[PDB]
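Coming up is one lone chain in structure tokens, specifically the form deposited in one PDB entry.
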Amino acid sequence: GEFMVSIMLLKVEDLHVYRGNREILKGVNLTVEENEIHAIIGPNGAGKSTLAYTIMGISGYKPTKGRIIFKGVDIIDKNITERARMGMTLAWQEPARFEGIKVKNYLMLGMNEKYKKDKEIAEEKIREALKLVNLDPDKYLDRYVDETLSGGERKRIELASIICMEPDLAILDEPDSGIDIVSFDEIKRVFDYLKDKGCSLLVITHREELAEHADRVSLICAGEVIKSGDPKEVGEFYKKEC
């Protein structure tokens, strides 16, 4: 291979986002490459979740200045459904509970077409995803994705949902939240498995254990990317300056 190029999957250009009265994002320049794990670190109120919501096109999160480019398309006038059709997904910090929806049915919703095309393949995929996040398929398939699950179990089911979905870009807002340490290698193996399939993860995290697993980390302070690059160097700068 002669040329060494980099492909951009997502490009956030000088993004200014106003929430209510306050200016949360003040010119964010962020890129996500194809098959890359890009972690976003920073203090509370810096605008990390707001950045994820603006990329997903959550109602109310429209930029006043700048633009979001996904797969070379300017997605500014596209609703959350139009962005999800292109291969983008968001995992919330506290995922929704649903009465009456079983775990098997929830993991089937959003499953990649390459698995849905054959019933037996889709059933094996759900079992594989639960085993990846350390949940016994025979104990959790019949459970409901409701208030009965513990936060850690719900967070693992959300991660299994991403495996089945196999999206082009998975934005994960604190995928570690509520999950015990000891289970942190399983989270890294999920990220590795997703990278192996061609996925790109944009992970917001407070765990250095997970942020150091990314290929690139970006520090965000007061709606601005302060530093970006090596996970350990950017992490050390965070723990000392901003």
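Start at 1 and count along the sequence shown; that's the residue number.
With 160 to 168 and 69 to 77 compared on mean CA B-factor from the PDB entry, the stretch scoring higher is 69 to 77. In the PDB entry, residue 29 places in the highest third of its chain by CA B-factor. When the CA B factors of the chain's modelled residues are split into thirds, the value for residue 38 lands in the lowest one. In the deposited entry, the Cα temperature factor of residue 63 places it in the highest third of its chain's modelled residues. In the deposited entry, the Cα temperature factor of residue 195 places it in the lowest third of its chain's modelled residues. Residue-level temperature factors show residue 179 in the middle third of its chain, judged at the C-alpha atom.
What comes next is about the form deposited with a partner chain bound, which is not displayed.
Although the partner is absent here, residue 115 is not a contact residue: none of its heavy atoms lies within 4.5 angstroms of its partner chain in the entry with it bound. Put simply, residue 164 is far from its partner chain in the entry with it bound: not one heavy atom of it is within 4.5 Å. Contact between residue 120 and its partner chain in the entry with it bound is not found at the 4.5 Å heavy atom cutoff. Its partner chain in the entry with it bound is approached by residue 109, whose closest heavy atom lies within 4.5 angstroms of it.
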